[PDB]
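Working notes, structure below.
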Amino acid sequence: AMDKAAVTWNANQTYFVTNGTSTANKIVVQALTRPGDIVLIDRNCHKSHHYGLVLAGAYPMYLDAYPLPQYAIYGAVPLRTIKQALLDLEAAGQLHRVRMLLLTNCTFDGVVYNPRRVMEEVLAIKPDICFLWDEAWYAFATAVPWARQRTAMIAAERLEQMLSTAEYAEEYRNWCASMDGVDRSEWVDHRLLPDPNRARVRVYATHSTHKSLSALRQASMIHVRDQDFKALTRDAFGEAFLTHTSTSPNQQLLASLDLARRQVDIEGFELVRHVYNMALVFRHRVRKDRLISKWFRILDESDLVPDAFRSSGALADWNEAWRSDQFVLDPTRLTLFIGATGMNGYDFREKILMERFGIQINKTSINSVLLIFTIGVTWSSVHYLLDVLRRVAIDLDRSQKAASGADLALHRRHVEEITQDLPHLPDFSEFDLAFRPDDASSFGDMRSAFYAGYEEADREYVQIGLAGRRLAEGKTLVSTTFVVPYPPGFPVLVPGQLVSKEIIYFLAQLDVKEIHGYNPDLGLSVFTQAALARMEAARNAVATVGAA
Amino acid sequence: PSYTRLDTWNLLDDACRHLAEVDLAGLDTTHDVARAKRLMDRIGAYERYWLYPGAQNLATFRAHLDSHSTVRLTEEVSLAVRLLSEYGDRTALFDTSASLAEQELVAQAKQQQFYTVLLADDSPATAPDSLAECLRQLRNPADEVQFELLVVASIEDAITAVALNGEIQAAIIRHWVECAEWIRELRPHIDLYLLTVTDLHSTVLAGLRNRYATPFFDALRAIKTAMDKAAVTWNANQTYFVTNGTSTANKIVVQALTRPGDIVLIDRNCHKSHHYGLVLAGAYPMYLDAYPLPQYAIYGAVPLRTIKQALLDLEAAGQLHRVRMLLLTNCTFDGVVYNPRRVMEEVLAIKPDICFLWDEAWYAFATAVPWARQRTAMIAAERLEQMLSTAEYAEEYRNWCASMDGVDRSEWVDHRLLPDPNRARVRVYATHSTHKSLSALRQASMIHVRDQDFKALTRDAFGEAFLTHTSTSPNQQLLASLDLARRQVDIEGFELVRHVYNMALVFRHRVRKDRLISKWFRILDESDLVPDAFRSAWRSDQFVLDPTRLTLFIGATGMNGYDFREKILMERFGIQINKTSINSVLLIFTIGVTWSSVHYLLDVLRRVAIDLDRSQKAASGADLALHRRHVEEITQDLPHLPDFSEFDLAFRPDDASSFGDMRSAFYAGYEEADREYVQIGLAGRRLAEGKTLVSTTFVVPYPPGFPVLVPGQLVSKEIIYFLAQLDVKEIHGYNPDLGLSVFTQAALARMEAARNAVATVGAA
Amino acid sequence: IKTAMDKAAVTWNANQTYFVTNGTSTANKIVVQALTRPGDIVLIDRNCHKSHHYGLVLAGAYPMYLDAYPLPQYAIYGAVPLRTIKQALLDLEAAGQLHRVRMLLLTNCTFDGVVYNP
């Protein structure tokens with residue numbers, strides 16, 4: 001059963017967690033990370049990963065993604081940034097503590113990573129690191145042939161076979177020969193290769209797809225492909241699984257689930273390609289259609305992916321770009337653009353899109369709406385979407401023709417405000433000193449800050465208007481808890497983070513009332529000045545004691 | 001030959017590769033250019049048959065060849081021959097210039113076969129007006145079966161192209177005597193649609209889909225949020241839910257919009273629930289007659305001539321102010337589909353502030369077509385509103401208003417009319433039945449409103465009408481009841497409205513194709529149900545049939561009516577057959593239909609045809625004569641249908657006009673001393689003597705579903721004959737053993753005397 | 001099936017029992033319409049289910065509203081005393097309208113619990 005499921009998912013052993021994706025994420029985090037062990041985590045990950053880090057006392061290192069101010073979304077973390085962090089640790093000396101790289105494959109926006117490239121280029125600096133790939137959005141992608149190679153399991157298998165080839169031995173020898181005489185700190189600007197002997201590939205992936213058919217509600221899976229599973233984590237994994245789940249899901253449920261798996265796997269494989277066909281057809285139609293294309297543009301990989309990260313009979317070219325290029329864009333997550341019509345995506349969602357085949361929306365940015373085609377999308381779903389877009393375009397064209405000078409000017413104003421200038425996307429701020437084990441590095445203790453907020457005496461509530469003045473007055477505004485706006489996970493503030501002008505501004509402009517850990521009427525919890533001074537003094541004394 | 005075309009194209013690609021190779025160096029390549037010219041001219045002979053390279057691409061390549069640029073030319077030739085080898089003619093849809101990997105991927109992941117349609121047209125094809133451009137236009141990429149238009153300017157060209165091009169499965173010829181026969185013999189699977197317009201796209205695409213040969217057997221077979229979502233789902237300004245059923249929704253909207261003393265233009269063949277709503281609300285029902293089809297013995301729809309005539313007749317008698325409602329079923333039981341935009345546009349010219357109740361219970365598959373959704377009440381209301389909101393239409397009306405100046409109102413029955421933008425209001429209401437197509441609990445319904453004065457005029461009235469006939473909050477349970485139906489309809493079997501629509505078209509084509517089936521049976525179309533007078537594109541035609549509601553013509557088959565259906569069709573079919581006339585049986589397609597159901601229908605029809613032919617050969621002279629008379633009996637000797645007869649003068653508030661008082665007739669019949677029973681056998685004799693037979697009850701033969709007689713209706717001889725002939729056991733409000741309820745002559749005299757006295761006194 | 005309906009009638013000791021599968025208000029209105037005609041006065045306890053009031057409005061009946069004896073201490077309405085019904089039926093007789101009345105239309109057990117003596 002385990003062998004059949006692993007072969008179906010190309011993994012080595014696949015474990016089912018019948019408690020949701022968050023439970024599996026926390027299980028893997030606990031199994032891998034121990035207290036102290038630093039972890040590199042994409043700041044946009046699901047909140048369950050941040051909580052799993054807090055439970056295991058890992059020091060999070062945050063990899064921020066490149067912004068897209070025009071569309072007000074975050075694309076992904078450039079591999080150069082991962083290298084720069086892994087080498088900035090080396091200067092401080094903490095690079096031995098790094099234990100995991102935890103990036104969300106196929107980010108919610110829909111930018112897709114290249115797992116093989118990232119693992120090859122990170123295993124050169126840390127040949128014993130571990131990789132957890134959050135594939136909540138990419139689980140379907142495995143079925144299609146040209147997107148299969150961008151999954152964690154396939155990339156890991158290829159990296160495993162490639163590393164153990166004498167041809168790769170000579171390739172690495174030549175690369176090293178061409179490398180000598182170059183400062184190790186300069187490895188960020190040069191392509192890197194893993195060491196065929198020292199590097200041990202280790203990959204963990206979390207899916208959710210099999211819940212759809214013949215499986216329990218919110219059931220999630222964990223694929224494991226680790227050379228040293230039986231040696232360093234076969235017991236920690238079981239204990240973590242017990243800690244967040246009962247014993248039965250790991251094996252007893254697993255055999256039955258495999259019996260279900262045989263039927264579901266064939267049905268999913270045959271039906272998933274159909275959805276990608278619809279995504280491609282619809283994307284092509286939105287542009288070719290003379291009437292839709294005037295007002296509606298589906299953002300293309302040339303648009304969300306800055307050329308700096310791009311390597312640019314087009315089928316072979318397409319396959320090569322999807323196999324070798326850094327960032328590509330999944331067809332099945334359409335980032336439709338509204339900016340031409342001058343109406344923010346909230347109005348489009350409220351009025352235009354009410355009928356829905358399968359599923360047709362999960363996000364509404366300032367000047368766009370994200371549309372997703374799931375297993376429920378059929379041919380009529382494309383027809384309906386094209387028809388509604390066509391009617392909207394016809395109405396807008398009629399209004400333009402009948403629009404006077406004043407009406408055209410007002411429409412231009414509407415387009416201008418949503419388009420062009422937009423509030424700057426805030427980036428991760430430095431952890432507070434009292435929550436950073438060493439100044440030289442930029443990781444912090446998120447667990448100490450997590451519980452240090454329980455002390456009502458230390459914590460206080462501050463208002464946005466007064467928060468601006470306090471920041472202008474030099475008072476550090478350190479958060480005391482996670483703040484999680486509408487987009488899944490992506491906590492704008494995490495325990496101990498330093499609130500910055502960008503952070504204050506972003507929150508003030510918000511309108512969504514689904515902000516966990518935030519009380520708009522009262523304020524946002526921030527550590528008091530005295531408490532922060534006390535913790536910083538304690539940390540300084542602790543550091544000084546070692547030198548004594 | 002197709003095979004040599006691939007070999008010749010590959011050879012041309014090789015020659016052009018060699019030409020580019022030699023020219024890159026910089027030598028004199030005049031010989032290679034001559035070889036390329038020779039090979040391209042050799043190709044040009046046969047490329048009128050295939051579609052992708054065809055003429056335009058090869059001409060462009062030749063234009064490059066003249067310009068002496070071998071790089072771009074060889075690149076283009078190589079690309080073209082590449083796509084030509086795999087996708088065949090399919091790449092005619094591609095847009096090579098733009099992104100090509102996406103389009104190539106879709107092609108490899110096949111969804112259903114691609115087909116070529118020949119268009120033998122001598123007219124210029126570059127004009128927009130020309131059919132070739134028009135037919136290519138309006139195709140939807142969503143359909144899993146796509147096609148592209150190939151044109152040939154000569155008949156011999158068409159024959160030659162079809163004889164060798166295997167991608168052709170549809171030929172459209174223009175006026176040819178022997179061309180159709182020759183093509184039909186060349187390949188029997190081709191559809192030779194005869195020369196002529198816009199329905200061509202639907203009838204060609206159905207034949208294409210049928211070509212997929214889905215049955216391959218030969219040896220074997222051969223609270224507010226829910227309302228807001230539905231409001232925009234159905235183009236309705238607002239939308240309310242009804243749990244009891246369609247009849248309750250009819251009663252609700254009727255009560256909310258009809259007051260006592262108000263006339264209600266109404267289709268006589270509408271559901272009995274509307275008649276009872278009129279009885280309860282005390283409104284005077286003026287009944288409009290639908291054009292008859294004596295050949296098939298069934299009613300059609302209400303021509304707009306009749307509606308305008310009735311409105312202007314009231315205008316003549318000063319009773320127009322009373323009228324506040326028009327009640328027409330938008331999809332008649334037989335199938336005929338009204339044009340809402342035209343009916344509401346003309347009528348609002350005569351009665352600017354009228355209300356419309358389009359009973360769309362049967363119009364379930366209105367959303368299975370993107371242009372026929374303009375034939376629903378809600379979309380038509382939206383379009384009419386926006387049109388009336390435009391100053392362009394204000395100018396169009398002003399030009400229209402001046403031309404008609406100097407024309408008497410009585411002549412307006414002829415001229416096409418335009419609403420007055422300054423005063424006309426849109427007040428449309430509608431109802432769609434749930435269980436008939438939507439998958440929810442038993443007998444749910446919905447109401448849709450696009451009314452410019454709902455809040456100011458008919459909000460409280462609607463609230464009271466809801467509190468009556470359903471003393472609950474149906475806005476709670478039915479939201480979840482119907483949300484399941486939309487999810488089931490939208491996804492299961494794709495959009496079930498699309499699947500069954502396509503299945504109905506495929507079945508129509510297959511019936512039209514099979515020789516035995518079409519030998520006796522037939523499917524009636526716009527050229528049958530709709531008269532020539534009332535057929536004047538979809539935006540212009542008044543009546544268009546609904547493909548899903550089929551009327552199979554058993555008349556030529558014979559075997560009578562109500563016995564062949566009972567003894568064969570419902571034994572195994574199961575899928576609904578809601579009606580049966582003497583010669584035409586109305587086949588109905590429901591959501592549960594499957595391709596297997598379609599082939600079971602074609603198998604039972606084929607078996608009946610084969611048994612009929614077995615009798616024909618075995619039939620002797622006596623059998624042949626009996627069969628000929630039986631077929632002739634129910635094809636020509638069909639008694640005329642019972643057109644509505646004016647309300648008796650005792651029940652008509654205005655003797656000049658033709659609208660009665662159905663409430664008073666309803667209650668006046670409750671009495672036992674005013675009601676009499678007269679046997680049908682003596683009704684004709686009693687009429688001959690000169691008595692006025694006025695019925696007291698609703699006589700509603702069930703299978704038709706519509707009231708032959710209403711209280712206060714002047715029983716006429718045609719109605720007597722129709723009732724005598726019809727002997728279906730389900731006849732509400734009538735019985736053939738006691739008699740036909742009729743007001744006693746003394747009662748009628750007293751009532752008419754009282755009515756005359758009241759009218760005289762009120763006028764004074 | 002008809003025999004079964006007879007069994008139901010035996011169960012309820014009625015002559016013919018008819019089942020209305022659209023709520024109790026539908027059956028109330030059905031009976032009101034079947035019995036009352038326009039004009040025909042109908043006595044009715046003012047506390048009756050509002051479905052009866054709507055049925056009377058639909059059928060055009062002229063309703064004579066009988067009132068129940070109050071209970072100010074508990075702020076409820078008990079029932080209409082038989083003396084009141086007779087007083088109304090005789091007050092009509094003075095005006096000559098008594099022939100018109102067709103339905104007493106009393107509730108059998110008021111909301112609070114009081115039970116009439118049919």
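Ordered as shown in the structure tokens, chains take letters A, B, and onward, while each chain numbers its residues from 1 and ligands are numbered from 1 in the order shown.
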
Within segment 57-283 of chain A, find each residue whose DSSP state, derived from the backbone, is strand (DSSP E), and express the selection as an mmCIF file with N, CA, C and O atoms, in the first residue's frame.
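part.cif, freshly written:
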```cif
data_model
loop_
_atom_site.group_PDB
_atom_site.id
_atom_site.type_symbol
_atom_site.label_atom_id
_atom_site.label_comp_id
_atom_site.auth_asym_id
_atom_site.auth_seq_id
_atom_site.Cartn_x
_atom_site.Cartn_y
_atom_site.Cartn_z
ATOM 1 N N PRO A 60 13.102 31.607 13.448
ATOM 2 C CA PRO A 60 12.771 31.798 12.033
ATOM 3 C C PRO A 60 13.681 32.811 11.363
ATOM 4 O O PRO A 60 13.978 33.871 11.917
ATOM 5 N N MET A 61 14.124 32.471 10.157
ATOM 6 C CA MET A 61 14.791 33.408 9.265
ATOM 7 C C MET A 61 13.840 33.638 8.100
ATOM 8 O O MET A 61 13.443 32.682 7.425
ATOM 9 N N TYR A 62 13.474 34.894 7.862
ATOM 10 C CA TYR A 62 12.408 35.220 6.923
ATOM 11 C C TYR A 62 12.993 35.627 5.578
ATOM 12 O O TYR A 62 13.804 36.555 5.498
ATOM 13 N N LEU A 63 12.567 34.927 4.533
ATOM 14 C CA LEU A 63 12.945 35.208 3.152
ATOM 15 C C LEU A 63 11.794 35.974 2.512
ATOM 16 O O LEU A 63 10.753 35.396 2.195
ATOM 17 N N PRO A 67 8.507 42.293 -4.607
ATOM 18 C CA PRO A 67 7.176 42.893 -4.697
ATOM 19 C C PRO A 67 6.760 43.144 -6.138
ATOM 20 O O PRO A 67 7.571 43.145 -7.065
ATOM 21 N N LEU A 68 5.457 43.355 -6.307
ATOM 22 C CA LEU A 68 4.873 43.804 -7.570
ATOM 23 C C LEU A 68 3.964 44.980 -7.241
ATOM 24 O O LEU A 68 2.747 44.818 -7.088
ATOM 25 N N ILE A 73 0.911 42.545 -5.171
ATOM 26 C CA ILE A 73 1.081 41.162 -4.746
ATOM 27 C C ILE A 73 2.570 40.862 -4.622
ATOM 28 O O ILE A 73 3.420 41.587 -5.142
ATOM 29 N N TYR A 74 2.877 39.778 -3.912
ATOM 30 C CA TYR A 74 4.244 39.304 -3.743
ATOM 31 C C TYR A 74 4.455 38.081 -4.622
ATOM 32 O O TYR A 74 3.685 37.121 -4.550
ATOM 33 N N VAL A 98 21.458 26.345 10.866
ATOM 34 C CA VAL A 98 20.372 26.261 9.899
ATOM 35 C C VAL A 98 20.007 24.803 9.676
ATOM 36 O O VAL A 98 20.881 23.945 9.500
ATOM 37 N N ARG A 99 18.709 24.513 9.697
ATOM 38 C CA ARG A 99 18.228 23.142 9.617
ATOM 39 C C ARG A 99 17.174 22.916 8.544
ATOM 40 O O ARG A 99 17.005 21.768 8.117
ATOM 41 N N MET A 100 16.471 23.948 8.085
ATOM 42 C CA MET A 100 15.382 23.753 7.140
ATOM 43 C C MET A 100 15.225 24.983 6.261
ATOM 44 O O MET A 100 15.452 26.114 6.699
ATOM 45 N N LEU A 101 14.830 24.745 5.012
ATOM 46 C CA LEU A 101 14.354 25.786 4.107
ATOM 47 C C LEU A 101 12.906 25.468 3.768
ATOM 48 O O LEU A 101 12.618 24.403 3.214
ATOM 49 N N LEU A 102 12.001 26.382 4.107
ATOM 50 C CA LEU A 102 10.564 26.126 4.051
ATOM 51 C C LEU A 102 9.875 27.156 3.157
ATOM 52 O O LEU A 102 9.478 28.224 3.630
ATOM 53 N N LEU A 103 9.739 26.843 1.868
ATOM 54 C CA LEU A 103 9.170 27.763 0.892
ATOM 55 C C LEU A 103 7.884 27.178 0.330
ATOM 56 O O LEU A 103 7.776 25.962 0.147
ATOM 57 N N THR A 104 6.905 28.042 0.064
ATOM 58 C CA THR A 104 5.634 27.588 -0.486
ATOM 59 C C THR A 104 5.794 27.447 -1.993
ATOM 60 O O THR A 104 5.985 28.443 -2.694
ATOM 61 N N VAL A 111 2.830 32.299 -8.918
ATOM 62 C CA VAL A 111 4.205 32.133 -9.372
ATOM 63 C C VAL A 111 4.711 30.779 -8.894
ATOM 64 O O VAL A 111 4.468 30.374 -7.751
ATOM 65 N N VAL A 112 5.421 30.067 -9.765
ATOM 66 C CA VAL A 112 5.888 28.714 -9.479
ATOM 67 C C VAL A 112 7.401 28.713 -9.317
ATOM 68 O O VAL A 112 8.122 29.354 -10.089
ATOM 69 N N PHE A 131 14.360 20.407 3.332
ATOM 70 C CA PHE A 131 13.433 21.187 2.523
ATOM 71 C C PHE A 131 12.015 20.719 2.801
ATOM 72 O O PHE A 131 11.712 19.530 2.661
ATOM 73 N N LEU A 132 11.153 21.650 3.196
ATOM 74 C CA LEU A 132 9.723 21.404 3.291
ATOM 75 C C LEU A 132 9.035 22.276 2.250
ATOM 76 O O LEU A 132 9.172 23.503 2.277
ATOM 77 N N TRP A 133 8.305 21.641 1.337
ATOM 78 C CA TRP A 133 7.611 22.326 0.255
ATOM 79 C C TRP A 133 6.115 22.294 0.529
ATOM 80 O O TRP A 133 5.508 21.219 0.548
ATOM 81 N N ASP A 134 5.527 23.468 0.737
ATOM 82 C CA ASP A 134 4.091 23.583 0.977
ATOM 83 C C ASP A 134 3.398 23.622 -0.377
ATOM 84 O O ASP A 134 3.324 24.670 -1.022
ATOM 85 N N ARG A 202 17.169 15.920 1.097
ATOM 86 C CA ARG A 202 16.114 15.655 2.070
ATOM 87 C C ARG A 202 14.937 16.558 1.736
ATOM 88 O O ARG A 202 15.082 17.783 1.749
ATOM 89 N N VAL A 203 13.776 15.974 1.440
ATOM 90 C CA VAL A 203 12.627 16.743 0.968
ATOM 91 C C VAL A 203 11.352 16.229 1.620
ATOM 92 O O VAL A 203 11.126 15.017 1.703
ATOM 93 N N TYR A 204 10.515 17.162 2.078
ATOM 94 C CA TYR A 204 9.205 16.858 2.638
ATOM 95 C C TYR A 204 8.148 17.736 1.986
ATOM 96 O O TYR A 204 8.313 18.957 1.915
ATOM 97 N N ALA A 205 7.066 17.120 1.511
ATOM 98 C CA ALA A 205 6.003 17.827 0.810
ATOM 99 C C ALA A 205 4.658 17.554 1.471
ATOM 100 O O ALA A 205 4.408 16.454 1.970
ATOM 101 N N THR A 206 3.789 18.565 1.463
ATOM 102 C CA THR A 206 2.454 18.473 2.047
ATOM 103 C C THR A 206 1.417 18.785 0.977
ATOM 104 O O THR A 206 1.454 19.861 0.372
ATOM 105 N N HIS A 207 0.491 17.857 0.753
ATOM 106 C CA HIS A 207 -0.576 18.013 -0.232
ATOM 107 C C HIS A 207 -1.929 18.010 0.471
ATOM 108 O O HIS A 207 -2.025 17.837 1.686
ATOM 109 N N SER A 220 -5.131 15.398 4.457
ATOM 110 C CA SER A 220 -3.906 15.878 3.836
ATOM 111 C C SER A 220 -2.851 14.786 3.897
ATOM 112 O O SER A 220 -2.927 13.869 4.718
ATOM 113 N N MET A 221 -1.866 14.882 3.010
ATOM 114 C CA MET A 221 -0.833 13.866 2.884
ATOM 115 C C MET A 221 0.540 14.487 3.101
ATOM 116 O O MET A 221 0.735 15.692 2.925
ATOM 117 N N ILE A 222 1.490 13.645 3.498
ATOM 118 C CA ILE A 222 2.889 14.030 3.635
ATOM 119 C C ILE A 222 3.732 13.034 2.854
ATOM 120 O O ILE A 222 3.737 11.839 3.170
ATOM 121 N N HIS A 223 4.434 13.520 1.835
ATOM 122 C CA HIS A 223 5.399 12.714 1.104
ATOM 123 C C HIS A 223 6.784 12.943 1.692
ATOM 124 O O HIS A 223 7.169 14.085 1.955
ATOM 125 N N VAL A 224 7.530 11.860 1.902
ATOM 126 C CA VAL A 224 8.863 11.936 2.486
ATOM 127 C C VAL A 224 9.821 11.246 1.532
ATOM 128 O O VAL A 224 9.576 10.111 1.109
ATOM 129 N N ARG A 225 10.904 11.935 1.185
ATOM 130 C CA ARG A 225 11.981 11.360 0.380
ATOM 131 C C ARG A 225 13.273 11.856 1.022
ATOM 132 O O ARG A 225 13.828 12.883 0.624
ATOM 133 N N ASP A 226 13.732 11.119 2.029
ATOM 134 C CA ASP A 226 14.906 11.472 2.813
ATOM 135 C C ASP A 226 15.825 10.267 2.901
ATOM 136 O O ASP A 226 15.383 9.172 3.263
#
```

(message) Distance cut-off 9 Å, counting only C-alpha atoms - which residues of chain B neighbour chain C? Return them as JSON, numbers by chain.
(response) {"B": [244, 280, 281, 467, 468, 469, 470, 471, 667, 670]}

(request) With a distance cut-off of 7 Å and only C-alpha atoms, select the neighbouring residues of residue 707 of chain B, excluding the residue or stretch itself and same-chain residues fewer than 4 positions from it, and output the selection as a PyMOL selection string. (result) chain B and resi 272+698-701

Residue selection dump (N, CA and C atoms) as an mmCIF file, in the first residue's frame:
```
data_model
loop_
_atom_site.group_PDB
_atom_site.id
_atom_site.type_symbol
_atom_site.label_atom_id
_atom_site.label_comp_id
_atom_site.auth_asym_id
_atom_site.auth_seq_id
_atom_site.Cartn_x
_atom_site.Cartn_y
_atom_site.Cartn_z
ATOM 1 N N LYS B 272 -54.036 26.702 -15.454
ATOM 2 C CA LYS B 272 -55.279 26.974 -14.738
ATOM 3 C C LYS B 272 -55.042 27.862 -13.524
ATOM 4 N N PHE B 698 -65.159 25.377 -14.359
ATOM 5 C CA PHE B 698 -63.925 25.300 -15.132
ATOM 6 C C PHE B 698 -63.801 23.894 -15.704
ATOM 7 N N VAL B 699 -63.968 23.758 -17.015
ATOM 8 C CA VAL B 699 -63.776 22.480 -17.693
ATOM 9 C C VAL B 699 -62.336 22.436 -18.188
ATOM 10 N N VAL B 700 -61.528 21.568 -17.589
ATOM 11 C CA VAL B 700 -60.090 21.546 -17.842
ATOM 12 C C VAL B 700 -59.653 20.129 -18.193
ATOM 13 N N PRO B 701 -59.784 19.690 -19.447
ATOM 14 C CA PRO B 701 -59.193 18.401 -19.829
ATOM 15 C C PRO B 701 -57.725 18.337 -19.442
#
```

(request) Compile the contact shell of segment 446-454 of chain A as a list in words: residues with an atom at most 8 Å away, counting only C-alpha atoms, same-chain residues fewer than 6 positions apart removed. (result) residues 53, 54, 55, 57, 58, 59, 60, 435, 480, 481, 494, 495, 496 and 527 of chain A

(message) Set the cut-off to 9 Å and count only C-alpha atoms: what are the residues of chain A that reach chain B? Output as a VMD selection string.
(response) chain A and resid 273 to 274 276 to 278 280 to 282 284 to 285 288 313 to 319 351 to 358 376 to 383 387 402

I'd like the contact shell of residue 84 of chain B - 12 Å cut-off, only C-alpha atoms, skipping same-chain residues fewer than 5 positions apart - returned as a CSV table (one decimal) with N, CA and C atoms, in the first residue's frame.
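Below is the file that was written, part27.csv:
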```csv
chain,number,residue,atom,x,y,z
B,2,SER,N,-4.3,13.3,-50.6
B,2,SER,CA,-3.8,13.9,-49.4
B,2,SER,C,-2.3,13.4,-49.1
B,3,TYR,N,-2.0,12.1,-49.3
B,3,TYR,CA,-0.7,11.6,-49.1
B,3,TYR,C,0.4,12.3,-49.9
B,5,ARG,N,0.2,15.3,-50.9
B,5,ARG,CA,0.3,16.7,-50.4
B,5,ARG,C,1.3,16.8,-49.3
B,6,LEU,N,1.3,15.8,-48.4
B,6,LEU,CA,2.3,15.8,-47.3
B,6,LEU,C,3.7,15.5,-47.9
B,7,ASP,N,3.8,14.6,-48.8
B,7,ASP,CA,5.1,14.4,-49.4
B,7,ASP,C,5.6,15.6,-50.2
B,8,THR,N,4.7,16.2,-51.0
B,8,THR,CA,5.1,17.4,-51.7
B,8,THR,C,5.5,18.5,-50.8
B,9,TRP,N,4.7,18.7,-49.7
B,9,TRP,CA,5.1,19.8,-48.8
B,9,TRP,C,6.4,19.5,-48.1
B,10,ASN,N,6.7,18.3,-47.7
B,10,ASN,CA,7.9,18.0,-47.1
B,10,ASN,C,9.1,18.2,-48.1
B,13,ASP,N,9.7,21.8,-48.2
B,13,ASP,CA,10.5,22.3,-47.1
B,13,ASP,C,12.0,21.9,-47.2
B,50,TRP,N,-7.7,21.9,-49.1
B,50,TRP,CA,-7.3,21.9,-47.7
B,50,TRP,C,-7.4,23.4,-47.2
B,51,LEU,N,-7.5,23.5,-45.9
B,51,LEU,CA,-7.8,24.8,-45.3
B,51,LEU,C,-6.7,25.5,-44.7
B,52,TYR,N,-5.8,24.9,-44.0
B,52,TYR,CA,-4.8,25.6,-43.2
B,52,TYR,C,-3.9,26.4,-44.1
B,53,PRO,N,-3.0,25.8,-44.9
B,53,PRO,CA,-2.2,26.6,-45.8
B,53,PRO,C,-3.0,27.2,-46.9
B,54,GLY,N,-3.8,26.4,-47.6
B,54,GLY,CA,-4.8,26.9,-48.5
B,54,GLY,C,-4.2,27.9,-49.5
B,76,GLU,N,9.2,30.1,-42.5
B,76,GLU,CA,7.8,30.0,-42.6
B,76,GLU,C,7.4,28.6,-43.2
B,77,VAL,N,8.1,28.2,-44.2
B,77,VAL,CA,7.7,26.9,-44.9
B,77,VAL,C,7.9,25.8,-43.9
B,78,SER,N,9.1,25.8,-43.1
B,78,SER,CA,9.3,24.7,-42.2
B,78,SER,C,8.3,24.7,-41.1
B,79,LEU,N,7.9,25.9,-40.6
B,79,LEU,CA,6.9,25.9,-39.5
B,79,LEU,C,5.6,25.4,-40.1
B,89,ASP,N,-5.8,20.1,-40.9
B,89,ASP,CA,-6.5,21.3,-41.1
B,89,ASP,C,-6.8,22.0,-39.7
B,90,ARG,N,-6.7,21.4,-38.6
B,90,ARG,CA,-7.0,21.9,-37.3
B,90,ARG,C,-6.3,23.3,-37.1
B,91,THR,N,-5.1,23.4,-37.5
B,91,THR,CA,-4.3,24.6,-37.3
B,91,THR,C,-4.8,25.8,-38.0
B,92,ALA,N,-5.9,25.6,-38.8
B,92,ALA,CA,-6.6,26.8,-39.4
B,92,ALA,C,-7.1,27.7,-38.3
B,94,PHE,N,-5.5,28.1,-35.3
B,94,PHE,CA,-4.3,28.7,-34.7
B,94,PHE,C,-4.0,30.1,-35.1
```

(request) Just the residues within 7 Å of residue 25 of chain A, please, counting only C-alpha atoms, with nothing from its chain fewer than 4 positions along; format it as a PyMOL selection string. (result) chain A and resi 21+29+48-49+206

Write a file of the selected residues as a compact mmCIF listing (two decimals), in the first residue's frame, keeping N, CA, C and O atoms.
```txt
# COMPACT_ATOMS: atom_id res chain seq x y z
N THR A 21 -4.35 20.38 6.33
CA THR A 21 -2.98 20.68 5.94
C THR A 21 -2.17 21.27 7.09
O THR A 21 -0.97 21.03 7.18
N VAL A 29 7.16 20.16 10.69
CA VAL A 29 8.00 21.16 11.35
C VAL A 29 8.56 20.60 12.65
O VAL A 29 9.76 20.71 12.93
N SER A 48 0.07 28.21 9.77
CA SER A 48 0.35 26.99 10.51
C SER A 48 1.84 26.72 10.59
O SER A 48 2.32 26.16 11.58
N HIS A 49 2.61 27.14 9.58
CA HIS A 49 4.06 26.98 9.65
C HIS A 49 4.67 27.88 10.71
O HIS A 49 5.57 27.46 11.45
N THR A 206 3.79 18.57 1.46
CA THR A 206 2.45 18.47 2.05
C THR A 206 1.42 18.78 0.98
O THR A 206 1.45 19.86 0.37
```
